[PDB]
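Trainee: Got a structure here, written out as structure tokens. Questions coming.
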Amino acid sequence: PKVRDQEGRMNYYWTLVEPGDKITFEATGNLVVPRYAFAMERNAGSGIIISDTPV
Amino acid sequence: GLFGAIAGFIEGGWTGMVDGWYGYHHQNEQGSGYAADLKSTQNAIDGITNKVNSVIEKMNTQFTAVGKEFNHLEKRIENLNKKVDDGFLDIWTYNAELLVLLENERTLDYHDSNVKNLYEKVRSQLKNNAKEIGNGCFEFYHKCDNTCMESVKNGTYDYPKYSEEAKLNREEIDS
Ligand SMILES: *[C@@H]1O[C@H](CO)[C@@H](O)[C@H](O)[C@H]1NC(C)=O
């Protein structure tokens with residue numbers, strides 16, 4: 001059924017790559033290749049606040 | 001009052017005494033006025049401050065994010081997460097309400113005990129040289145100047161010094 005005028009679906013995926021590791025992509029089609037990647041260090045804890053209060 | 005001093009045999013408090021919690025009202029030929037007992041007042045302030053500090057400082061926490069996000073197919077753990085939050089809310093609320101209720105009762109009795117002790121300390125110093133007349137008041141059978149007055153506040157009243165002066169006056173007031 002049409003969702004935002006689309007009848008096809010796009011399933012997104014993610015993973016974390018540790019230092020000294022390689023990620024390999026292989027496809028004959030139906031692949032959305034990455035363009036930008038983020039290097040990050042997670043901070044333990046913290047959450048997400050959902051409110052209209054300004055910052 | 002538990003000890004019967006505050007709102008007991010001392011019917012009311014003094015607004016003329018502003019320098020302390022417990023103290024004295026004296027009267028002699030040199031005049032009259034209000035004074036606060038430094039020793040008993042400071043020892044009660046320290047206990048109350050320790051009481052307030054104990055309630056607050058013993059509560060030590062760490063960094064923590066309460067917020068948890070779940071989808072529409074994770075209702076059970078979402079209900080489990082809500083059950084954890086609600087259970088903590090009920091436990092903390094009941095303890096906090098009862099802690100204030102019980103400690104407020106203890107604090108008022110603590111002031112009652114201190115007032116009673118101060119009266120008895122003065123009573124032990126004067127012995128039969130003074131007559132109890134209620135309202136936490138003493139009447140001296142001998143003249144007591146400013147030096148004699150604060151000597152009771154000091155805690156250094158000389159019973160034998162005025163023992164014979166007061167004894168002679170004791171047997172004449174009562175016919
Ligand atoms: C006790 O009070 C009297 C009142 O002036 C004073 O003479 C004496 O020095 C006092 N004792 C003290 C302050 O240790």
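Identifiers for the structure tokens are assigned positionally: chains receive A, B, ... in sequence, residues are indexed from 1 per chain, and ligands are indexed from 1 in the order shown.
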When DSSP works through the backbone of this structure, what residues of stretch 25-146 of chain B end up as helix (DSSP H, G or I), shown as a PDB file with C-alpha atoms, in the first residue's frame?
Mentor:
```pdb
ATOM      1  CA  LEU B  38      24.290  29.722  74.918  1.00  0.00           C
ATOM      2  CA  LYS B  39      25.309  26.220  76.025  1.00  0.00           C
ATOM      3  CA  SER B  40      21.951  24.478  75.578  1.00  0.00           C
ATOM      4  CA  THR B  41      21.021  26.385  72.409  1.00  0.00           C
ATOM      5  CA  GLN B  42      24.221  25.559  70.518  1.00  0.00           C
ATOM      6  CA  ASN B  43      24.094  21.892  71.543  1.00  0.00           C
ATOM      7  CA  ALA B  44      20.566  21.658  70.117  1.00  0.00           C
ATOM      8  CA  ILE B  45      21.494  23.428  66.867  1.00  0.00           C
ATOM      9  CA  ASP B  46      24.339  20.962  66.280  1.00  0.00           C
ATOM     10  CA  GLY B  47      22.024  17.978  66.705  1.00  0.00           C
ATOM     11  CA  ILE B  48      19.406  19.394  64.338  1.00  0.00           C
ATOM     12  CA  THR B  49      22.034  20.295  61.730  1.00  0.00           C
ATOM     13  CA  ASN B  50      23.503  16.793  62.002  1.00  0.00           C
ATOM     14  CA  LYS B  51      19.950  15.466  61.645  1.00  0.00           C
ATOM     15  CA  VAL B  52      19.395  17.465  58.449  1.00  0.00           C
ATOM     16  CA  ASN B  53      22.853  16.585  57.114  1.00  0.00           C
ATOM     17  CA  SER B  54      22.309  12.890  57.869  1.00  0.00           C
ATOM     18  CA  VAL B  55      19.085  12.786  55.845  1.00  0.00           C
ATOM     19  CA  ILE B  56      20.679  14.516  52.842  1.00  0.00           C
ATOM     20  CA  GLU B  57      24.311  13.372  52.784  1.00  0.00           C
ATOM     21  CA  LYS B  75       5.042  -4.463  25.422  1.00  0.00           C
ATOM     22  CA  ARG B  76       6.035  -6.987  28.099  1.00  0.00           C
ATOM     23  CA  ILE B  77       9.497  -5.556  28.764  1.00  0.00           C
ATOM     24  CA  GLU B  78       7.948  -2.090  28.456  1.00  0.00           C
ATOM     25  CA  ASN B  79       5.452  -3.127  31.134  1.00  0.00           C
ATOM     26  CA  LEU B  80       8.372  -4.633  33.058  1.00  0.00           C
ATOM     27  CA  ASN B  81      10.248  -1.335  32.715  1.00  0.00           C
ATOM     28  CA  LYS B  82       7.171   0.585  33.880  1.00  0.00           C
ATOM     29  CA  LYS B  83       6.719  -1.840  36.784  1.00  0.00           C
ATOM     30  CA  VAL B  84      10.276  -1.048  37.899  1.00  0.00           C
ATOM     31  CA  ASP B  85       9.714   2.720  37.761  1.00  0.00           C
ATOM     32  CA  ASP B  86       6.342   2.603  39.534  1.00  0.00           C
ATOM     33  CA  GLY B  87       7.658   0.292  42.250  1.00  0.00           C
ATOM     34  CA  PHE B  88      10.541   2.655  42.976  1.00  0.00           C
ATOM     35  CA  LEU B  89       8.120   5.598  43.033  1.00  0.00           C
ATOM     36  CA  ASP B  90       5.876   3.957  45.639  1.00  0.00           C
ATOM     37  CA  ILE B  91       8.793   2.812  47.814  1.00  0.00           C
ATOM     38  CA  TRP B  92      10.532   6.197  47.848  1.00  0.00           C
ATOM     39  CA  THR B  93       7.309   8.156  48.405  1.00  0.00           C
ATOM     40  CA  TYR B  94       6.232   6.028  51.373  1.00  0.00           C
ATOM     41  CA  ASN B  95       9.675   6.139  53.007  1.00  0.00           C
ATOM     42  CA  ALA B  96      10.061   9.887  52.420  1.00  0.00           C
ATOM     43  CA  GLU B  97       6.607  10.700  53.812  1.00  0.00           C
ATOM     44  CA  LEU B  98       7.091   8.499  56.874  1.00  0.00           C
ATOM     45  CA  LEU B  99      10.654   9.720  57.463  1.00  0.00           C
ATOM     46  CA  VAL B 100       9.489  13.336  57.690  1.00  0.00           C
ATOM     47  CA  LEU B 101       6.460  12.365  59.789  1.00  0.00           C
ATOM     48  CA  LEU B 102       8.515  10.411  62.329  1.00  0.00           C
ATOM     49  CA  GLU B 103      11.513  12.759  62.415  1.00  0.00           C
ATOM     50  CA  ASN B 104       9.301  15.834  62.827  1.00  0.00           C
ATOM     51  CA  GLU B 105       7.835  14.182  65.926  1.00  0.00           C
ATOM     52  CA  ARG B 106      11.348  13.411  67.181  1.00  0.00           C
ATOM     53  CA  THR B 107      12.551  16.983  66.603  1.00  0.00           C
ATOM     54  CA  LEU B 108       9.712  18.547  68.606  1.00  0.00           C
ATOM     55  CA  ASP B 109      10.322  16.160  71.510  1.00  0.00           C
ATOM     56  CA  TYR B 110      14.045  16.950  71.286  1.00  0.00           C
ATOM     57  CA  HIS B 111      13.262  20.615  71.947  1.00  0.00           C
ATOM     58  CA  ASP B 112      10.926  19.509  74.744  1.00  0.00           C
ATOM     59  CA  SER B 113      13.702  17.504  76.412  1.00  0.00           C
ATOM     60  CA  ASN B 114      16.188  20.380  76.168  1.00  0.00           C
ATOM     61  CA  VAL B 115      13.764  22.836  77.785  1.00  0.00           C
ATOM     62  CA  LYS B 116      13.047  20.351  80.580  1.00  0.00           C
ATOM     63  CA  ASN B 117      16.755  19.687  81.166  1.00  0.00           C
ATOM     64  CA  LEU B 118      17.550  23.405  81.368  1.00  0.00           C
ATOM     65  CA  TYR B 119      14.864  23.924  84.016  1.00  0.00           C
ATOM     66  CA  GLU B 120      16.159  20.985  86.060  1.00  0.00           C
ATOM     67  CA  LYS B 121      19.757  22.208  85.757  1.00  0.00           C
ATOM     68  CA  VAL B 122      18.711  25.533  87.287  1.00  0.00           C
ATOM     69  CA  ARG B 123      16.624  23.692  89.892  1.00  0.00           C
ATOM     70  CA  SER B 124      19.611  21.602  90.997  1.00  0.00           C
ATOM     71  CA  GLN B 125      21.748  24.742  91.319  1.00  0.00           C
ATOM     72  CA  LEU B 126      19.305  26.705  93.488  1.00  0.00           C
ATOM     73  CA  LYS B 127      17.878  23.870  95.661  1.00  0.00           C
ATOM     74  CA  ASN B 128      15.796  25.368  98.522  1.00  0.00           C
ATOM     75  CA  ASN B 129      17.208  28.888  98.056  1.00  0.00           C
ATOM     76  CA  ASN B 146      23.469  41.047  87.831  1.00  0.00           C
TER      77      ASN B 146
END
```
Trainee: Could you work out which residues of chain A fall inside 7 Å of chain B? Count only C-alpha atoms, and format the result as a PyMOL selection string.
Mentor: chain A and resi 45-48
Trainee: Would you mind listing what lies within 12 Å of residue A:14 as a ChimeraX atom specification, with only C-alpha atoms counted and same-chain residues fewer than 2 positions away left out?
Mentor: /A:11-12,16-17,23,33-34,37-38
Trainee: May I ask you to write as a ChimeraX atom specification all residues lying at most 9 Å from ligand 1, with only C-alpha atoms and all ligand atoms counted?
Mentor: /B:145-157
Trainee: Between atom CA of residue B:166 and atom CA of residue B:11, what is the distance in Å, rounded to a tenth?
Mentor: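 Going from atom CA of residue B:166 over to atom CA of residue B:11 covers 28.2 Å.
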Trainee: Taking only C-alpha atoms into account, name the residue in A:30, A:50, A:43, A:35 that is nearest to residue A:9.
Mentor: A:30
Trainee: Find the distance between atom CA of residue B:37 and atom CA of residue B:24 and write it in Å to one decimal.
Mentor: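 Distance reported for this atom pair: 7.0 Å.
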Trainee: Mind checking DSSP for stretch 24-99 of chain B and telling me the strand (DSSP E or B) residues as a list in words?
Mentor: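 Checking each residue of stretch 24-99 of chain B, the strand (DSSP E or B) ones are residues 24, 25, 26, 27, 28, 31, 32, 33, 34, 35 and 36 of chain B.
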Trainee: With C-alpha atoms kept, could you save the residues just selected as a PDB file, in the first residue's frame?
Mentor:
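Saved result, part.pdb, follows:
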```
ATOM      1  CA  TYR B  24      15.883  32.933  80.557  1.00  0.00           C
ATOM      2  CA  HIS B  25      13.870  35.943  81.662  1.00  0.00           C
ATOM      3  CA  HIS B  26      15.413  37.587  84.720  1.00  0.00           C
ATOM      4  CA  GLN B  27      14.084  40.219  87.105  1.00  0.00           C
ATOM      5  CA  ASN B  28      15.878  42.178  89.821  1.00  0.00           C
ATOM      6  CA  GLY B  31      15.929  45.729  85.685  1.00  0.00           C
ATOM      7  CA  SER B  32      14.570  42.852  83.648  1.00  0.00           C
ATOM      8  CA  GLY B  33      15.096  41.330  80.229  1.00  0.00           C
ATOM      9  CA  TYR B  34      15.473  38.216  78.102  1.00  0.00           C
ATOM     10  CA  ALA B  35      18.640  36.187  77.537  1.00  0.00           C
ATOM     11  CA  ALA B  36      19.347  32.904  75.754  1.00  0.00           C
TER      12      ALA B  36
END
```
